[PDB]
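Written out below as structure tokens is the structure these notes cover.
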Ligand SMILES: O=C(O)C(=O)[C@H]1CC[C@@H](C(=O)O)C1
Ligand SMILES: O=C(O)C(=O)[C@H]1CC[C@@H](C(=O)O)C1
Ligand SMILES: [Zn+2]
Ligand SMILES: [Zn+2]
């Protein structure tokens, strides 16, 4: 489990309860929840292991954000809003859909103004519709003055020191995430370091280390769902994915003010708690440190993942067609390495 | 089959008969036997398909070679002589044995003078022993005057024009091969072009095109038996090697004066005819033409073989240990591409 | 060279490129 | 570059190197 639901100050009762969590097939153990001043927290980040930091004040000025405040102040830029008839918002790269014309995504992307997102959300709730929305938009220069001021008030002192201490590359973006209760982002890994800053509502985060690659079966690299797990967590096909019976997760529920370090290459499944209302999150994506000058053997799990990705990319290019990658790989192994 | 046994001139009867051929599980069709002046012969060489040329005179001065002549004239250099208790002289690279300390070769290499090879051969025949010898030695500068003169008398005019016409690289070596009746060199492919010049006795040659890679199951690249088939032709394991049930060979029996073009990457199984006496062959190995400037898609079979070899080599280097290549490849494919 | 080639990380994340 | 890298042929044959 995630650990006992945290009790809110002022005797406001349990923030959430276990009935708001979806049911899955695998065991988990809790991600540590620590103060940013705790040396164990620094130890985990340094070793690229997840930790929830409870007191960074990383996005303190954003803790007042709700739909009314954001709509008044976030400007008139476009926001990417995904729509689905399922709770699962499986990520896919539109640019790879040409490689797999048989892939029919279950979520669709629509660009709209922030007030149109609020209105569509309101229409759905009144009509009792089952349609789900998930706003996922990189923050940019079109935001209004008050959002600029809030953003400037993030704890750049703390996170800049992390970036420097860990040798990371640049901050590439901040993703603003606004979801409906019950929304799920299925398990995947990212090739950047991530500080995941919860603002409103509660998200259950289930992480898996890079050495569970064999259990989580990412799509082919050239598939639209590169880096995402092929396993349906709600109905796992153990005939196709037998080592999913061996997966073990690291679990936590983050609430307003919490920051989760999601290390590069770590798998993560994220869900907005059932009956928990809307959720708001801002993340901080950093490029990882460069390949070290001297390679130490045996390689770490994340280095083998990087190798496998590059083998798939190179074969797709050399064979001139990503569909020939599988057949060549099978020819290489059958009766030779298996 | 190989085609009707050729009838020798002067009414000397069939050179050989089908009872001298070993029995295998797969069908074959005959390699064309043509004159070097036949445009179809040039067409096959140009398209990297095998052909037996009957009238090249490529090694005409060597057709008088026997053990007595060679012993008198081939000098006092060392000759590599393989010894085995089986008819199969499976090739292996001594330099890769460190990677696979569990590999126990069934043939051993011993360096000796040519007269010691003749004497060991004579001891075996008198004592009725079952030990087999196979002399396999690159021709070099230590050979005596009469062998030098014979070698100078090869048809360099004809073969030099082939090398030039096909864009091949340099002649890298000439392998002298002297085997006992019944000796077999198991199926493998070479990364050079080969003109195979038969001098004494008869060899059955069974070739398989590069697109039968999937049926012939070469050892891992880092194994001592790189480029050789794992299938025991005398007892094929169809559970491990199911597509060996689909292999189809191109077959011929070469005799004195014949030259077989064995194209680069073509699999070949070579056997000295049962009860046929000793065999003598000299081959001519040429580096292949370079990779073309413009790549045409889809790739040819031999280009996919080159890619697979390089993937295995690169992974062995990057993982720091050739034993980790298999596990990484299986992790890449299981539940992802298979 | 080849080892560093195969070890090179990408930077892809779950955010759609335009 | 990478395509020509993967397409490069070796030159190994069945003759033992010293
Ligand atoms: O932050 C990441 O690494 C992501 O993958 C984002 C997109 C799925 C989102 C969610 O919070 O549901 C988070
Ligand atoms: O000539 C080649 O390509 C070879 O592989 C040589 C070594 C096995 C030999 C044989 O004639 O039995 C020929
Ligand atoms: Zn992610
Ligand atoms: Zn050969």
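Numbers in chain B come straight from Swiss-Prot, and the residues shown are 12-349, in order.
Determined by X-ray crystallography, 1.8 Å, according to the entry header.
Placement of Cβ uses the backbone N, Cα and C atoms for every residue, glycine included.
Per Swiss-Prot, domain 'JmjC' is recorded for B:142-312, and the stated evidence type is sequence analysis.
The 2-oxoglutarate binding site annotation in Swiss-Prot covers B:145, B:196, B:205, B:214, B:294. Taking Cβ-Cβ distances under 8 Å and a sequence separation of 6 or more, the neighbours of residue B:214 (2-oxoglutarate binding site) in its chain are B:264, B:265, B:281, B:282, B:283, B:284, B:290, B:292. In this structure, residue B:214 (2-oxoglutarate binding site) is part of a beta strand by DSSP.
Secondary structure at residue B:321 (substrate binding site), as computed by DSSP, is helix. Annotation for residue B:321 (substrate binding site): no same-chain Cβ neighbours under 8 Å separated by at least 6 residues are found. Summarising the annotation, Swiss-Prot assigns substrate binding site to B:152, B:181, B:182, B:183, B:201, B:202, B:203, B:238, B:239, B:300, B:321.
Contacts of residue B:199 (Fe cation binding site) defined by a Cβ separation under 8 A and a same-chain sequence distance of 6+ are given as B:102, B:229, B:238, B:239, B:240, B:278, B:279, in order along the sequence. As annotated by Swiss-Prot, Fe cation binding site applies to B:199, B:201, B:279, with the evidence given as experimental evidence.
Look at residue B:340 (site 'Important for dimer formation'): DSSP puts it in a helix. Less than 8 angstroms from the CB of residue B:340 (site 'Important for dimer formation') sit B:326, each of them six or more residues away in the same chain. Here Swiss-Prot flags B:340 as site 'Important for dimer formation'.
Those recorded positions from B:152, B:182, B:203, B:279, B:294, B:340 lying by chain D, with Cβ under 8 Å from one of its Cβ atoms, are B:203. Using a Cβ-Cβ cut-off of under 8 Å to chain A, the recorded positions B:145, B:199, B:203, B:239, B:340 reduce to B:340. Looking at the residues that bind substrate per the record, B:152, B:181, B:182, B:183, B:201, B:202, B:203, B:238, B:239, B:300, B:321, the two CA atoms farthest apart are separated by 34 Å. Proximity to ligand 2 at the level of Cβ atoms, with a cut-off under 6 angstroms, picks out B:196, B:294 from the binding-site residues B:145, B:152, B:196, B:294.
Comparing residue B:145 (2-oxoglutarate binding site) with residue B:203 (substrate binding site), their Cα atoms are 22 Å apart once rounded. Here the candidates are the binding-site residues B:196, B:205, B:294. The one whose C-alpha lies nearest to that of residue B:152 (substrate binding site) is B:294.
The two recorded residues, residue B:201 (substrate binding site) and residue B:294 (2-oxoglutarate binding site), show a Cα separation of 12 Å. Within 10 Å of the Cβ of residue B:279 (Fe cation binding site) there are 23 other Cβ atoms, across all protein chains.
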